[PDB]
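See structure below.
Numbers and lists here come from the model and the stated rules, or from a named source; nothing here is a laboratory result. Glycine also receives a Cβ, built like all others from the backbone with ideal geometry; neighbour counts cover every protein chain displayed.
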Amino acid sequence: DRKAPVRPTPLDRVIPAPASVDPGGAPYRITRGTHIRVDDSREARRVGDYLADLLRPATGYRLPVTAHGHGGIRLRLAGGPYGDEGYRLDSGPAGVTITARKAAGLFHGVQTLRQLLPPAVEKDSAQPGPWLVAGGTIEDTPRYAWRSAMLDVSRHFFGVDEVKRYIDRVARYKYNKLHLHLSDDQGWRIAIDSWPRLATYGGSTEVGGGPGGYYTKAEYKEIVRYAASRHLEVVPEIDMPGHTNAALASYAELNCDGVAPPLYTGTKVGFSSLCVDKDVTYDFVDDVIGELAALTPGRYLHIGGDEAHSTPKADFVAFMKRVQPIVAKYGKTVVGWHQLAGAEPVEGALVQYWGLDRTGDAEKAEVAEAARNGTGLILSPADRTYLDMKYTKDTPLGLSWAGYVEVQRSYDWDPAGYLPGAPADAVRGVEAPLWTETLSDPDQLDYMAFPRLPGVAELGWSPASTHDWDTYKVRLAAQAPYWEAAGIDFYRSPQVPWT
Ligand SMILES: CC(=S)NC1=CO[C@H](CO)[C@@H](O)[C@@H]1O
Ligand SMILES: [Cl-]
Ligand SMILES: [Cl-]
Ligand SMILES: [Cl-]
Ligand SMILES: [Cl-]
Ligand SMILES: [Cl-]
Ligand SMILES: [Cl-]
Ligand SMILES: [Cl-]
Ligand SMILES: [Cl-]
């Protein structure tokens, strides 16, 4: 009977683990007459409608959203110790109430509520339920404010609707940032009006050849809009000065020898570089960042900086000295991969660490030295949170350059002391990147993202006090029938005792 439990989900059985769980008393039961009652604002109705949309198919209930009356489900904005993102959830026969300071907090509370409900809530046709929500109180706040998921759309392109699907997968677990890898050697995926061939030519293929694709400005604005309605701040990346072949192939004049290389359809790295010695390079960078800044309402622009292995250290430092201030010129905070830690991060910058256990002490020290010097740290170790990494040697998709990453390995660590010598106050949070050298459709994205995606969300959200593999894997095993009912393919790890 694992498809419809006799009894409700325990109040504590939630990913991420809530900061505080106080089970007690009888559950609330949603019945055909339940109303979703919201505050009288466009943003409170927005969350209510989002909740109503999640529940209507499987309940068959009308679930009207109103700002009058005493709804059995109440989303209220109120003072409280909940920050921009925390919430309180109270549940019992008198109703479910979710209280927060800001809409993002109500939305996060919605994400807990959908796991308190039974797996049948994922179905697109009406079900018995019963629509029970365990009784008690959850009081929940995030440990880290940077909790991001990356999608690589350069290696294989994914259109607006496929990004919206992936957006909805991550929203489940209280991620608050969506990092988009918009350019690389195999693709340029954002239309730039000052440099139109970047999209029309540089976007014309992908890994393995054939059609590629790109986002018109309107498509990209719709992605940003959609992400925002799921409370994801979009962090765009234009990788530079390496991983730049699609741009180089698009404009001969950007190449140091003035000859445009061919379009790249392979799956290797390191061979491309912008021309640090040419003035146009910085005209090009300034136009691109300018246009991307304008499309970007979030606070951050990612300039990459990884694997510039055809850029000698001194030219790479030079290049980064010049381009970093362009970002603040257009009003944004710079993010780079942690190679930037070795080219003088500007005030306010963050760096994303993608090293592994085999990384050497000198490289890790450079990153911890930048932390000491005030650079924020985003942690995404390649042998922890790279969702493109194989689980075992038998995984059919993915890469293995970082070894194999089973479910326990991905989950079982503490960002706060992970980097030797790094002040734990320098750690802004975690990211789970999903690179697409090997992935070309959304079902494939799912199989590599699930089941590790929730775990990295937990490292970003939950108190370290709640961290424990043996109890976490029980909570994680409970997702199986939810994912099955939703059509989310996932790797049935033997380490996880699946429900
Ligand atoms: C910042 C990083 S990770 N650079 C890269 C190396 O590893 C990834 C493969 O896992 C690849 O897609 C990407 O270009
Ligand atoms: Cl209606
Ligand atoms: Cl009233
Ligand atoms: Cl908000
Ligand atoms: Cl029914
Ligand atoms: Cl925030
Ligand atoms: Cl989903
Ligand atoms: Cl190749
Ligand atoms: Cl390679």
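In region 215-269, which residue that is among the basic types (K, R) and part of a loop (DSSP other than H, G, I, E, B) is farthest from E43 (Cα to Cα)? Here the residue is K268.
Among the residues of region 121-133, are any part of a helix (DSSP H, G or I) and over 30 Å from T216 (Cα atoms)? Within region 121-133, one or more residues are part of a helix (DSSP H, G or I) and over 30 Å from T216 (Cα atoms). Note on region 408-499: enclosed helices (runs of 4 or more DSSP H) holding 2 or more residues that are under 30 Å from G212 (Cα atoms) and in the same structural domain as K268 (by CATH) are 442-449, 452-461.
One line per residue, one yes/no per condition, for (1) in the same structural domain as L232 (by CATH); (2) in a loop (DSSP other than H, G, I, E, B); (3) within 21 Å of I378 (Cα to Cα); (4) out of contact with any strand residue (DSSP E or B) (no Cβ under 9 Å at 6 or more places or on another chain):
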residue: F271; (1), (2), (3), (4): yes, yes, no, yes
residue: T281; (1), (2), (3), (4): yes, no, no, yes
residue: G305; (1), (2), (3), (4): yes, yes, yes, no
residue: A318; (1), (2), (3), (4): yes, no, no, yes
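In region 35-49, the qualifying residues are those that are touching a residue at least 40 places away in the same chain (Cβ under 8 Å) and buried (at least 19 other Cβ atoms within 10 Å of the Cβ), and the one that is nearest to ligand 7 (Cβ to nearest atom) is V47.
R147 fulfils the conditions (1) free of Cβ contacts under 8 Å to residues at least 60 places away in the same chain; (2) within 16 Å of ligand 6 (Cβ to nearest atom) except for a single criterion, (1).
When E85 is tested against the conditions (1) closer than 30 Å to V207 by Cβ; (2) among the acidic types (D, E); (3) more than 16 Å from ligand 7 (Cβ to nearest atom), the lone failure is (1). When region 13-68 is filtered for residues that are assigned to a helix (DSSP H, G or I) and farther than 17 Å from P119 by Cα, the ones remaining, listed by number, are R42, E43, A44, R45, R46, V47, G48, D49, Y50. Candidates in region 68-79 are the residues that are over 27 Å from the mean Cα position of the chain (by Cα) and surrounded by 15 or more Cβ atoms within 10 Å (Cβ to Cβ); of these, the one that is nearest to ligand 1 (Cβ to nearest atom) is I73.
Selection within region 160-182: residues that are of a type in the set (K, R) and under 13 Å from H108 (Cα atoms). The member of this set that is nearest to the chain's Cα centre (by Cα) is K174.
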